[PDB]
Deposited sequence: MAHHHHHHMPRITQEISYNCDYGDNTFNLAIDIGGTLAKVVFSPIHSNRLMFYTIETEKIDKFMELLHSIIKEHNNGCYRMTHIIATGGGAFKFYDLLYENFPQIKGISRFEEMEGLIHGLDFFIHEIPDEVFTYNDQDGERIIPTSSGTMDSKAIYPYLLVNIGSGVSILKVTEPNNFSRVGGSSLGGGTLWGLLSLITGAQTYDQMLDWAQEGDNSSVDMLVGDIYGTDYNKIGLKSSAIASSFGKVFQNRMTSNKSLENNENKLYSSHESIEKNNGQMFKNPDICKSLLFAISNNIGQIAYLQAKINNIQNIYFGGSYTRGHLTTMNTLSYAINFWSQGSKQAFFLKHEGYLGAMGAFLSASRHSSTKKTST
């Protein structure tokens, strides 16, 4: 799958297995002993069994089935909801430690910024991808971590960070709405649909209210527009294009995250905004949308940054905590 070459510390002679257990996804970071390979894997949390089965498989294939030489470090919120369930599922384990979620995210991000080349990049449709040589000025920054929800962290110094804000309108909202509305079963089908979509069929644009014309005034604002009469089936029967709905709600959720990230950056006098989590997925349209929102509100005085291992910030911090 996804690997980085990095000279890990194997002084403890231990197979370190870091797990970020979110509401919806589990992310693992691990290194076969003496491999000098960081390995990354993502699965869904619902069906907690099918995941615990993943942790067994990693231990079987990558540490010769040796539980006694395996240490699990649990991060995210399942780290508490599931600390005991892990001991119950892995009785011969050498140990299970925890690493607080926000501290995991920042240690992971600081590691990727300072240590790993070709990891930090800008993206817009104009310029395309520019790699930022951060591992070759950095502080202060915001991390906007987009998962089910949105966590926003302020980082002033290497070990000084706080959670300044958040939103319940994250990836979970986008995935949930588009799944229920369109029947799409994969985030990739939602993304492929959004790519060919025209949001103008479901959104009220500035031009639609008045007569920038393509600016959205109201996301999904065009949609709403005893028995004695005909059945109100003309309403129930009104139809909307799946690609158009996907583009509308991708813009709505992405622009909103962008605006909140810009406002928090404004309050905190921060120029550098990192997007983390499992939301952009390297999708050019999502990245362009988040980059443009930061560019638009700041008139280019602030910068959106993306991460090749955006999903693995927490697990990476947790892995490094093992020593």
>> From the N-terminus onward, what segments of the deposited sequence lack any C-alpha atom in this model?
In response: 1-12, 149-154, 230-237, 252-267, 366-375
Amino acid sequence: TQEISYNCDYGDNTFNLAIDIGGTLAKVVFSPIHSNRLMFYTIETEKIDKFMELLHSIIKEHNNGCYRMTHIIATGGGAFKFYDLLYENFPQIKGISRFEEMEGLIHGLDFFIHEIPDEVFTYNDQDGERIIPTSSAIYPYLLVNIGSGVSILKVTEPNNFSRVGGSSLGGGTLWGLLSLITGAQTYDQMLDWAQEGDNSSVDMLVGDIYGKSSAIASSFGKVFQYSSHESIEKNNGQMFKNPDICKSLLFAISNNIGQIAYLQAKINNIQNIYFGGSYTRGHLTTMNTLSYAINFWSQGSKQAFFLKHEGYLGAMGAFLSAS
From here on, numbers count along this sequence of modelled residues.
> Counting the other entries of this protein, is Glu101 left out in at least a third of them?
Replying inline: no
> Do at least a third of the other compared PDB entries leave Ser228 without coordinates?
Replying inline: yes
> If you average the Cα B factors in the entry, which is higher, 173-181 or 72-80?
Replying inline: 72-80
> So which stretch wins on mean C-alpha B-factor, 18-26 or 307-315?
Replying inline: 18-26
> So among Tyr187, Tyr141, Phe121, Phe240, who wins on Cα B-factor in the entry?
Replying inline: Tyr187
> Between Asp208, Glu100, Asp244, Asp203, which one tops the list for C-alpha B-factor in the PDB entry?
Replying inline: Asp208
> Going by what the PDB entry lists, where does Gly165 fall on CA B-factor within its chain: lowest, middle or highest third?
Replying inline: middle
> Going by what the PDB entry lists, where does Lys154 fall on CA B-factor within its chain: lowest, middle or highest third?
Replying inline: middle
> Based on the entry's values, in what third of the chain does the Cα temperature factor of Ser248 lie: lowest, middle or highest?
Replying inline: lowest
>> Taking only the Cα B-factors deposited for this chain, tell me whether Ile43 sits in the lowest, middle or highest third.
In response: highest
>> Please say which third, lowest, middle or highest, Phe275 falls into when its CA temperature factor is compared across its chain.
In response: lowest
